[PDB]
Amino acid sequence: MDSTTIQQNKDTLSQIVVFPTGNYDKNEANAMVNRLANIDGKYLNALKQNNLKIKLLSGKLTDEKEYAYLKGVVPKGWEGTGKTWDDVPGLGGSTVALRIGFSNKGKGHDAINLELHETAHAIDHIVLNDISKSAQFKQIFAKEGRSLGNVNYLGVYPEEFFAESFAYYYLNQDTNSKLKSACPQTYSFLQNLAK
């Protein structure tokens, strides 16, 4: 990622990202925007075109008014864990909401990076017309969909494998190289999508 392109994408993200009212680590919110800025500018401009907002949160997801309906709701597969959506740090699809500070793997979620994974869902659904459900991607998923691990989740849901692969592709050079090695067809597919 070249520095001038990053700044251009951050400028675009200034028209996408919404910062919260409450108090939060401004430097960490900025770091999240910096990581999002590695996403290909064409996707970012398309999110902006669709008026998609990336809402950064200063607290729990379910303490946001528009997600309060998820209070106490147990996510699929989380039965018996004692955890609920109140414990989920982010979501992506038709909207994007992300708790500041919870980017890294293990911060209440299993993704390599929260904001890239969830924003990938929004790009998939809003920008790319659910390409993760396409026949082309389904063929790739059938072969490579377990190769980032979490086989009972990423390996089962092509939308999740897409989002995680997208996050590997764009997080940093290390994860990008790892994806190329582990999932070469997925890597080529993403490379060509951004052409």
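Residue indices: 1-based, along the sequence shown.
- The PDB entry reports B-factors from which the mean C-alpha value can be compared for 64 to 72 and 143 to 151; the larger average falls on 64 to 72.
- In this crystal structure, the stretch out of 42 to 50 and 160 to 168 whose C-alpha atoms carry the higher mean B factor is 42 to 50.
- Comparing C-alpha B-factors across 90, 93, 101, 77 in the deposited entry, the largest value falls on 77.
- Per the deposited record, the Cα B-factor of residue 83 falls in the highest third when ranked against the other modelled residues of its chain.
- In the PDB entry, residue 129 places in the highest third of its chain by CA B-factor.
- Sorting the modelled residues of the chain by their CA temperature factor places residue 173 in the middle third.
- Residue-level temperature factors show residue 55 in the lowest third of its chain, judged at the C-alpha atom.
- Ranked against the other modelled residues of its chain, the C-alpha B-factor of residue 138 as given in the entry falls in the highest third.
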